[PDB]
Structure formats: structure tokens, C-alpha cells
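Worksheet: one structure, shown below.
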Amino acid sequence: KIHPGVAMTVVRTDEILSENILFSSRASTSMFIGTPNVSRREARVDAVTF
Amino acid sequence: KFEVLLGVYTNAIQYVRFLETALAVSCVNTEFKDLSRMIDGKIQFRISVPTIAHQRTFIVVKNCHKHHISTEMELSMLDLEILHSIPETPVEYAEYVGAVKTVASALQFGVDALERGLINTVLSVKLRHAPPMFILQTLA
Amino acid sequence: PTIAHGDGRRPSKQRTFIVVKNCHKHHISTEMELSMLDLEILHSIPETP
Amino acid sequence: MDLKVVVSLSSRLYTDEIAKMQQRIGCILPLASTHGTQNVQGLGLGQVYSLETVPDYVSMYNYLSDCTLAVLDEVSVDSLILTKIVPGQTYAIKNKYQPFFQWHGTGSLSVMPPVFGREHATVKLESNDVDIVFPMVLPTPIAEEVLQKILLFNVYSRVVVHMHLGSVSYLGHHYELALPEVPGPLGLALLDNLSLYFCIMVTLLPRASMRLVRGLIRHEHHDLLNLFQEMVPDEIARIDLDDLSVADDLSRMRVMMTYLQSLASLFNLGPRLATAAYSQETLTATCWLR
Amino acid sequence: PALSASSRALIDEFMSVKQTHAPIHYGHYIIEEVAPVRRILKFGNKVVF
Amino acid sequence: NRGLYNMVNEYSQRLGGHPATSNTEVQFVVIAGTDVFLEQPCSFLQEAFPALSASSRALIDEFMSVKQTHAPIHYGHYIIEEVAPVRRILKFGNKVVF
Amino acid sequence: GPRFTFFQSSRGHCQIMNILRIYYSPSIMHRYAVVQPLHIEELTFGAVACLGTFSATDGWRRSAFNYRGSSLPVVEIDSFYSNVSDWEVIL
Amino acid sequence: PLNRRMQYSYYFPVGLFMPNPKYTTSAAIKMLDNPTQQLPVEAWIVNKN
Amino acid sequence: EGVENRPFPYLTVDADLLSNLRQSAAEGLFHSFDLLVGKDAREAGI
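Structure (C-alpha cells):
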């Protein structure tokens, strides 16, 4: 329990679970909505994957 | 002696339409029937700065960025072959209506999951162009 | 339902939950007492006080 | 069936990478998953073959064989369309590999980790701050020649001739390939399994054939024999003293032919492509996954 | 900076009074948490905000 | 251990975590279930609250004097303050703290 | 006495022989220590064969198998695609 | 996606040493050690609890 | 378990049951439940 001749500065970090609030002005961003088409991926032997 | 079955229950999954939530006041939108053939969209801004006694023009370019989203519904090969076939006895008819209910549930699930993904992409693109509070409290 | 994402996560394909709940059957028993020396006269009719 | 995978870029793309990537159309690329849309991470061998100085070719072979395969045809800004490769389907594969390997008629293609330098098949995507490398595809005889040249460099590391091993030769052109010094314990594990097979070969190798080949070099001379320089090896002197018997020779061959199938199948690392009808005027071929 | 202290004694006086606490004692020292998240510190019934 | 909602359920369902009895001179161990109306939070989290103790009467009548600026630690002496789910009223004459 | 084990993997056959050699690394020197290989045919330490492919995501849900008396634990590879190959020797 | 995790960074010195005119801005702290000849060896940090 | 997987006329109510559901079932709040993913999410045969 005897001090050495050299000190230290213990750095560390802390994770904090915050609740953010998102605000934006009206008509900020124009976008285009596509056509929601379906597709057929894979024919596994008893089950197909769309 | 009997075992009482006190009814079966389920949740009617309501569609949360993209304009039915108030997030679409942040984003106006245009149904563009052919986004597959639009590789690029730009917008030119000519901004004219006046002069003050004791001219300048900011031509800035802005570009669009596309977003792809895709989930995967799934269907067994049973409820396609019994969907194409035709019933004649009411037990087969009861099987058939159940299979078409399953396939319709999967299809409506697919478009509903796609709509929820649209809200997710909108929230992500608004969070991407969002600097924090303690910078725009001062820079504004 | 699930949510489509831009990144490729292993997508949950229409999960369906079925839970059931059983009845908590339990009963109530009371304890009345009655002495039988006055029960023969409830079925009969009175004529003497 | 619909096999289209679109990969979304997380940022934009500068015009030089656009011009470079549109040259790289039709090449085989690997993918992380087999889902609908993916991001730029997980594409290419650059995640396991990083921007470093010591490669590891056999772990690259493992990453190639483990993951799926695709071909890149349509590339634009923010988005580029890939087409998956699944067993059961046929495809067209174009020959856009800058070490220009002339393909044999109806042979078999093989994918390959980039042996001709990292910078040769690489697009630097600094916009999404990552790198996509392009895995080489070249025919199977040149594939086995490169692979056995790699392992012979790995085993002759500890001995010394260098230019006669680390440079392939083809009818089209001779090429040089990048050589590391250690492939780590996975390359040592490939050498482990190779030496396991080899020592059990020289336990169970037949002795009628040595008694043939002694009198055959002393009788005949061939291109199949002039590598001995008309000198019998010493184990031919100290092995052919024994008599020649049919039964143990059959019992030796009945396990030798079993083991050599496994020794071939151990060199099956990396996905193989048995293609058909290559044309020297279209630079493409009808291929499918074997 | 978090609540650093070079003894127990400056802690056991820091929860006592705040406005007249000692920042620098003889050999020991203490440092007030000026963190964005300001935590209440429950030492028995001596809080500090 | 297995299941966390199972822990809350088995807290709520029968709540037999070897607790004591009441309305008796000393505590026994309860065998007869669902006859006493009891609850055991100390067997849900397995910790224990520090009661109000001290060393001599001196630090007690210091801590009763001012509950804010008093000593928790004297020279060799010490006094541990009362933190509890029930924050008790402590009367010592007219000096009474919270 | 010889054993029949089964294997689920998402690797190539090139990987399956090496990782199976590393998996059987105790048993090979177990057999080497107990029985010396006196002839030339005992050195074959068994072989493997691809029984086929299936879905890598929904694979190998566990289940139970009852006979009239008892119940062994049993896996259920669901929606399997059968494809037999030959034998490639482990060594 | 709004339940994000801001990470902050904390630091505290351990085992410093004040220059030789040591002093105190406090009254009700007394120690049974030499005032001028004590130095810290440890720190004390508060927890989540 | 005691769960019957036969098809049914599932009456549809508007209460959102699924507030923190998958974490609850992986913790096992329910007595007995069946997680059906993908192909088994259909009505089983009669």
C-alpha cells in the first residue's frame, strides 16, 4: 500500500441509454414511392421463399 | 364430463398506412411508377445573395440517394398445390379456405412488413441528416 | 409482423405464436350446522303453541 | 425463378470508381449472405484478405467455398445489381479477367483468390471507405498448377530457383504471382493433411512398379524419365532387393486407389465450374455450378 | 471528471455539506462531478444533487 | 435461476421461500401454506438493508442532533445511518428526524 | 466396435475432410495405441459421404421419438434434399 | 431506433501530490497523521449503485 | 405441450397483445406455447 513515484489518470467510458427526440420541419424532403413488387427466391423442397 | 374450449382469439393486424402516421408531414411524396429505371435524381438550386452598402450567387447541387428494403415471406408447397386444386367435398373445401386464408395472410403480411420497412427507412434517413441539439442550438 | 431492412439481416419469416391458458379451477366450501330436534316440525303444520 | 440481389451502397460514388467498376462487369463476385439486399461489407474477399502485407490463401479459399457466388452486370451510383449462382441453374460468364487467360473448349472453370497481386483485381471504394476485391476465375489445369506452385513455395521456404517456381507459364502468356512467406496454421494444416496422405502412400506403395521402373530407365528413355537424368534413385537400390508377389501388390493397389480419390478431393478447395461451349468471339460461355 | 477522492474522509464530509465542502484538503483532494448526467448519490440519507 | 418471468410467477403463485410465522411469541417455520398472508422480497433479490447501529451513545446523540452534517465515522467510532424500505421516524426527546 | 456418426455442416467437402480429421484426432491414436496395424488394410480410418443438403436456417429442430416404452432424443432435419455421393476416406 | 446509446468518457487522477504549502479550506476535519507528510495512494469512485 | 395446432375460426380482436412478446415467450411467461416460424405457420391438415 505504498505509492510509487509515478501517478496515473484512469480514463474510462460510460454507455448511457438515452431517449432521443427527433424533430424536423414540414416538407423537408421529397421522396418517391416505388411499386411494391413480390418475387420468388428459392424453391426449397417443401417450401418456397418469396 | 367435458373439456370446455373457451373460444379462440387472434390479433387483427391493422395496416399502419404511411400517410396514416404523422411522420409523412416531414416528407412529401410522389408515386413514381418506374423507380427501377431512375439511376439518379438531382436538384439544382440557384440562390441569389443581395448586396448591402456599407452580387453573389450560390449554385449548389443536391443529389438523391436510393434505398432498397426487402423482407422474405415464406410458403410451404402444400398450400400452393391445394390452392391450385379444386375441392368437391366440404372437408376439402374447409381445407381449401384455410389454405387460401394462410396464403392471403402471408401476402398481406408481406405488404404490411414492407410498409413498416418504409417507416423504418424514413426514420433512418431523417436520423442520418440529424446533427445533435448542442451544435444547432448555437449554430442556428 | 416483421420489418424489412436495408441491410441483410437473417429475416424473420412470418412468425406465428400460439399460447394457451388453463383454468385456475378452485372451489369454496362452507359449514352450516343444524340440530335435528326442530326439523321434524318444519314439514308438519302447527296446532299447539 | 428470380435470382436478383441488389447491394445498396451506404454513401455515394465518385466518377472514377464508376468508370472503373463499369469496366468490371460480368466478373464473378462473392457475397456474404443469400438474402434480398445487402450492404457493401461482406461483399468481396477484402474482409478476410485485408489491406495488409501477409496474405493467407487457404483461408481465402475457405471463404470462397463457404459463401455463395454471384455475377455483377448492372452497376450505377448508390446501387449495383448482382445475379446469384445456385446449383440447378445455368448462366453466362464473361471473360473480363485482365490476366488474359485463353479458355479451352468445353473445359472447366475454377474460381481463385487473387494471386496476381491485390492491386490487380481491386476497386478502391473510398466513398464507403471499404475495398472490394475481385476473385480470379481461370481454368482448372492452370488452377492446379497455381495451387501446387503455392504449396511447393510453402514447403521450399525453409530450403533456399525462385523465378522458376513463383511464375506460371501459359500458351497465352507467362505470369508472375504474389508470394507470401507464411500462410499460417491453415496452410500448415493443408501441408499436414498432404503429408499424412503422402506418408501413408509410402507405407502402402507397391513394389512391382519399382522393379519395372528400374529396368525401364535402364532400358528406355522418355520425357517421363529424363527428369531422373538417367540415374537410378537410391531407394530403388535398397527397395527392389525383395521378390515380386502378386497378392500383396493387389492388396496395396486396393487401398492406393481408395486413397488417391481422397487426395484428389482434398485439392477440390475453391468452388469449381464445369462450363460448356466457350466461344472465342463472344468471350463468354454457358456455365453451371458443379 | 467523476467523483475522485483521495480518502474516505472527504467523501464522508462531501455528502454532509455541499456549498462549504473542501475541494483541497492537506494531502487529499476531491473533485465534483461536472458530468452531463448528474446522478443523485444516496449515502444513507445524505443526498447530493 | 432458469427463466426470469418464471421467477416472477413463482413469486406470485405460491410464495413459499421458507418464511417465518406471525402472531406467536417467537418465529417458527411455516408449513401450512395459504393460511398466512406473507411476502418475501429478501428472497427475490437476496440482499439485506443496513440497520441503524452505532458504537456508543455519543454518535447516536450526534446523529440525532443534526441529521445532515453529522459524523458517519469518528476516530475509532462510527455510526451507520438508517436506510430502509420503511424510513422510520426516530424520536429522542423533542429532537426527531426523518 | 465401429460407429456411425452423422454430421451437419455449412462447409465444402475440402473443409469437411480436414475438420473431420481434426475431430477424429483422438480416435485415430486411440486405435493406434490399442491395436497396432499389423497388416496394410487396417490403416483406413473410415470414410464419409454427402447425404445431401437442406436449409441452413431452419435446420435440425429437436424432437422426441416414442416407442411403446421409452423415448430417445432425436433431431429432425426438416425439408431435406437427398443427394448421395460415394465414399471419401477420412485417414 | 431512438433508444440510442451515447457514450461519454470519464477520467479521474489517482495519487497526485499538492505543492508544499499545503492547506485546508475546512473546519470539521481532523486526522491523526502528519498534515504535511501525507500523500494519497488510492482513489475512491462512486458506482452505479 | 398441451397446445392444439388444429385450424380454427380465429376471432380477431383489436387489442395489441404483442407488447414485449418474443422476449416474454423466450423467458416463458406463458405456461405452454408454440413458436411456429416459416413453413409451419399454416393451418395444419384435418
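Protein chains in written order, with full-length UniProt numbering: chain A, 1037 to 1086; chain B, 51 to 104, 113 to 198; chain C, 100 to 148; chain D, 1 to 160, 172 to 301; chain E, 1333 to 1381; chain F, 1284 to 1381; chain G, 274 to 364; chain H, 396 to 444; chain I, 5 to 50. C-beta: ideal position from N, C-alpha, C; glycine also.
Cutting at 7 Å between CB atoms, please list the residues of its own chain near residue i, excluding the five before and the five after it.
i       : result
F:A1337 : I1343 and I1362
B:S76   : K184
F:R1371 : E1365
D:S10   : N39, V40 and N128
B:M131  : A164, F167 and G168
Using C-beta distances below 8 Å, list every residue in its chain close to residue i, excluding the 5 sequence neighbours before and after it, in chain order.
i       : result
B:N178  : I127
B:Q113  : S98 and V99
E:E1345 : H1353 and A1354
D:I211  : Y270
F:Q1323 : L1298, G1300 and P1302
D:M1    : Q89
G:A322  : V357, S358, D359, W360 and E361
Identify, in the order they occur along the chain, each residue of the same chain with its Cβ nearer than 6 Å to the Cβ of residue i, setting aside the five sequence neighbours on each side.
i       : result
B:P148  : none
D:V266  : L215
E:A1334 : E1365
I:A48   : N9
In the DSSP assignment, find the alpha helix (DSSP H) that holds residue i and state where it starts and stops.
i       : result
D:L197  : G195 to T214
B:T160  : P148 to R186
G:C287  : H286 to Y296
D:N62   : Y57 to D66
D:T269  : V257 to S276
H:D428  : Premise fails: H:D428 is in no alpha helix (DSSP H) and is neither H nor E.
E:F1346 : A1341 to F1346
B:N79   : Taken as a continuous stretch (DSSP letters only), B:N79 belongs to no alpha helix (DSSP H), being part of the beta strand (DSSP E) at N79 to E81.
F:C1325 : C1325 to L1328
D:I247  : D245 to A248
In this structure, what does DSSP give as the bridge partners for residue i?
i                      : result
E:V1380                : Looking at the DSSP assignment, E:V1380 forms no beta bridge with any residue, so it has no partner.
D:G226                 : None, per the DSSP bridge assignment.
B:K120                 : B:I93
residue 261 of chain G : What is shown of chain G runs 274 to 364, which leaves residue 261 of chain G out entirely.
E:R1371                : Note: E:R1371 sits in no beta bridge, so no partner.
H:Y405                 : A:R1048
D:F100                 : D:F100 pairs with nothing; no bridge assigned.
I:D44                  : Per DSSP, none; premise fails for I:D44.
C:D137                 : DSSP, once it has assigned bridges, lists no residue as partnering C:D137.
A:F1068                : B:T80
D:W299                 : D:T90
D:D131                 : D:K124
Which residue's Cα is closest to the Cα of residue i: the options?
i       : options                               : result
B:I93   : B:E132, B:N121 and B:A103             : B:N121
D:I85   : D:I228, D:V71 and D:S79               : D:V71
G:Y354  : D:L182, D:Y91, D:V115 and D:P87       : D:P87
A:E1055 : H:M413, H:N444, H:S421 and H:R400     : H:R400
F:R1297 : F:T1307, F:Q1310, F:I1314 and F:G1286 : F:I1314
D:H104  : D:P194, D:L182, D:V75 and D:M221      : D:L182
F:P1368 : F:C1325, F:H1360, F:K1378 and F:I1356 : F:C1325
B:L176  : A:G1070, A:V1084 and A:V1081          : A:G1070
D:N95   : D:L207, D:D78, D:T106 and D:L138      : D:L138
G:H303  : G:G325, G:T330, G:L316 and G:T278     : G:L316
Start and end of the beta strand (DSSP E) containing residue i?
i       : result
D:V40   : Neither: D:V40 is in no beta strand (DSSP E) and is coded neither H nor E.
F:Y1288 : Per DSSP, F:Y1288 belongs to no beta strand (DSSP E); it is in the alpha helix (DSSP H), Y1288 to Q1296.
D:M136  : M136 to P139
D:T90   : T90 to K94
D:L109  : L109 to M112
D:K124  : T122 to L125
Looking at chain B, which residues of the stretch 1040-1066 of chain A have a Cβ within less than 9 Å of any of its Cβ atoms? If the cut-off is 9 Å between Cβ atoms, the stretch 1040-1066 of chain A has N1056, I1057, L1058, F1059, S1060, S1061, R1062, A1063, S1064, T1065 and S1066 near chain B.
To be precise: take each residue of the stretch 75-87 of chain B, compare its Cβ to all Cβ atoms of chain A, and keep it if any distance is under 7 Å. Which residues remain? The stretch 75-87 of chain B vs chain A, Cβ under 7 Å: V75, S76, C77, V78, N79, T80, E81, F82, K83 and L85.
Give, in chain order, every residue of the stretch 27-39 of chain I whose Cβ lies closer than 8 Å to some Cβ of chain F. Answer in chain order: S28, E31, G32 and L33.
Taking beta-carbon pairs under 8 Å, can you tell me which members of the stretch 69-99 of chain D lie near chain G? Along the stretch 69-99 of chain D, there is no position whose C-beta sits under 8 Å from a C-beta of chain G.
Contacting positions in the stretch 107-124 of chain C - beta carbon closer than 9 Å to chain D: Of all residues in the stretch 107-124 of chain C, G107, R108, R109 and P110 have a Cβ within less than 9 Å of some Cβ in chain D.
What are the residues of the stretch 177-190 of chain B that lie near chain A, defined by any Cβ-Cβ distance shorter than 7 Å? Listed by position, the residues of the stretch 177-190 of chain B near chain A (Cβ gap below 7 Å) are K184, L185 and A188.
Check each residue of the stretch 261-292 of chain D: if its Cβ is closer than 7 Å to any Cβ of chain G, include it; give the result in chain order. For the stretch 261-292 of chain D, which is checked against every Cβ of chain G, the residues closer than 7 Å are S262, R263, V266, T269, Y270, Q272, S273, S276, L277, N279 and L280.
Please list, in chain order, the residues of the stretch 5-28 of chain D that have any C-beta partner in chain B closer than 7 Å. When CB distances to chain B are screened at a threshold of 7 Å, the residues of the stretch 5-28 of chain D falling below it are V6, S8 and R12, in chain order.
Which residues, taken in chain order from the stretch 124-145 of chain B, show a beta carbon closer than 8 Å to some beta carbon of chain C? Result list: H125, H126, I127, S128, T129, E130, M131 and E132.
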